[PDB]
Amino acid sequence: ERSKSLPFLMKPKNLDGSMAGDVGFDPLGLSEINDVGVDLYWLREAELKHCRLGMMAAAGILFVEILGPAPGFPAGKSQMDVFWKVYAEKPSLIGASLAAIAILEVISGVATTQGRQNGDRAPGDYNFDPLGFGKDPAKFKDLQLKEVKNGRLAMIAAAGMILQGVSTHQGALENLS
Amino acid sequence: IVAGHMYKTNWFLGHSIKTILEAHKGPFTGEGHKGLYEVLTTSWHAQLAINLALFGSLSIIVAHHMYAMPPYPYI
Amino acid sequence: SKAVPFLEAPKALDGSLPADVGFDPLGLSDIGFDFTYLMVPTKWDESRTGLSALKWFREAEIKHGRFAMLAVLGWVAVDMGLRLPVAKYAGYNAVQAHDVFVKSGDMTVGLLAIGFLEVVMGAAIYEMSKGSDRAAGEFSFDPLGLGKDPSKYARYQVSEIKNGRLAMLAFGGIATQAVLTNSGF
Amino acid sequence: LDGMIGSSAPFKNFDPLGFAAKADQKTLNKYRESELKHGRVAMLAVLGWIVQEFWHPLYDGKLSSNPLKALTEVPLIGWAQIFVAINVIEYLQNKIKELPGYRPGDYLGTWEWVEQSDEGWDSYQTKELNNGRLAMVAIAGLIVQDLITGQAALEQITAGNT
Amino acid sequence: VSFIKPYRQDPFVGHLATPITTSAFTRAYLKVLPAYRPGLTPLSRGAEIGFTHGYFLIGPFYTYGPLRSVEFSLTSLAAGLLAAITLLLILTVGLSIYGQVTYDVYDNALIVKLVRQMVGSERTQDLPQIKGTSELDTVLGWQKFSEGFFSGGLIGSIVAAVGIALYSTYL
């Protein structure tokens, strides 16, 4: 009856055990929202998209700062400020990436709403397993848990890197030391 | 934006225009505003009357404030 | 009552709460306002029966006591030295460290973190108002485990509330006096 | 000190000196008439005191903003007209007092419409009475302060003579 | 409570009992006016009405006439007085013709009872009908009312002229 994460709180009604990373940590009861097209399905899809985006962004920042930029690309070690140097010399790359992300996000929203309507697609599912790393069950649950935990950690990390780069105008590991 | 969070729509929060109107009675006005909510939610003509009157008054106020305080450069 | 004998009792200080002696001359434990509405302004839930002002006051008193105990520990620590093993914390007492650290962008971080914890535990308070069995000040935080043996739990309860009252008054004195036992006005 | 209107929460049926415990209905009606007249006159007097202090458009300015000083500056032929108007009003009130069903302070004749009074009507009458009492105390304080100090309300407050 | 009700418990009259039509202030104020004050003969009502009306009528004529004067002028006062008196004469002519064409009665509050009791099988409108029971609603009553209005108008206009002269001279 009590949430596993917060023993002083009752179990959130909509979070039983199903989703990976579920420990009952919903103090504000946001999982019970059923308005403005927002429900547990939409919240989970948003959480998974945030997890994946944060993982990609943190990996990119760390890669560029440690191993350096790719040939022909600007340096500076400040990832929040090197973006304007890339846009100053290769605006077409940024524009094409933005257009591609826009199209993919329109497709993602359509897929989310459709899967919410005629329930056949789990939240965050895009059938993207080209290498077959999660075919069999009893490993899919473990992979989902790993992805969720890594994505939450990378969300926090990427938000921290964004704020550090905006404020200190220095590199992430530069702030570290 | 602040004024937009006034009327109850889908949560237990905000006002009901029916309850506001029905509470505004008086010794001189009998039942007061009881039934006005039903009038303005079932008649397009009443809404058009109110909106058009206030809209024309707003247009005249705009006309006054325009020349009174010119809001555009070199106008 | 057991204190201020010429006043019988407020009305609600029956004894169901720990550390109860009956001291409430102003009868503050009888206000009909459910202070959970200071958090959730509307009834929101149809199951929100309501929270008595006495239980809200007990939660507030326990929280105040814990805050004051930690506060006097910190203020006494910075009077006798004991700076964090990092730069930018040199010596600037306690009457001036607050402002200089509010300037240096970390008191805001502390505000954010404390507010996060406060929001979670206030959600706990709101669930208590909704009708959860959780008692005031009970966050089920017993990691080391010195909370079993119900007699020990009750003794530690009364101990915590009495120590919190003492620490509230002691912090009031310390901040008002600008410390006399370990520093000067 | 009866089922009369005017009993509020802080002191219900406030007759500490027992003026009403021995009086008959006629004396109590007289007391209510006096209280209501004093309250209305005092509300007018307080509002006039303040407004005159910070606004005296008439008489082409002049008429020093301090009350109890403009009292001796009005042309004294405008005093006569105000006196005559008050007198005619009170003659009309006297004529009203003999109308059937008359109530002590009721010069609007609300007894014609208000049979079986509500709680809102009683509450509004009590509101008028309490505002009148507060204005009586306020105008007494205003006159006494202006007499002893010589400064008006917003002038004494502004300087800080408190 | 409600402060507007049907007049005299008749929901079909073209009237309402508002806090202005049937208020105690309205009752007393209209009952102290000369037109409705009890105990006044029609001549007395006319005299008082004429006095008040001439008194306030001389004002606009003297102040804003064709012969004004920012100072006090006897010619301006005489012009205003004559204009007020002639206006009172015109009003008295109107009153006289109105009373001539309106009523045919010499003693009211009786003829109505006589025709409600002893039958009124005549040309009607004199025996029967008869609107109003006041003494002002007779040929004799209205004639004396007009006479009083005219005399009181003259007297009040003269009194107001004297007062205006005194105010302009000694003040």
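Order of writing sets the labels: A, B, C, D and E. Residues in every chain begin at 1.
Keep in mind that, in the parts below, contacts are C-beta pairs under 8 Å (C-beta built on N, C-alpha and C of every residue); 3 or more make two chains touch, one makes a residue touch a chain.
Here is each chain with its UniProt name: E = PSI subunit V.
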Farthest-lying chain, centroid of Cα atoms versus that of chain C: E
Among all chain pairs, the one with the most C-beta contacts: D-E
Whole-Å separation of chain centres (CA-atom averages), chain D against chain E: 36
Chain C and chain D, separation of their C-alpha mean positions in angstrom: 52
Distance between the centres, which are taken as Cα means, of chain E and chain A, whole angstrom: 93
Sequence positions of chain E contacting 2 or more other chains: 1-4, 19
For chain B, residues that touch 2 or more chains besides their own: 11, 27
Junction residues of chain A, two or more chains touched: none
Contact footprint of chain C on chain B as seen in their complex: 11-13
In the complex, chain C residues that touch chain A: 119-121, 123-124, 127, 132, 134, 138-140
Complex interface listing, chain D residues touching chain E: 77, 91-93, 95-96, 99, 102, 106-110, 112-114, 117-118, 120-121
Interfacial residue positions of chain B with respect to chain E in the complex: 27-28, 30
Of chain C, residues touching chain B in the complex: 41-45
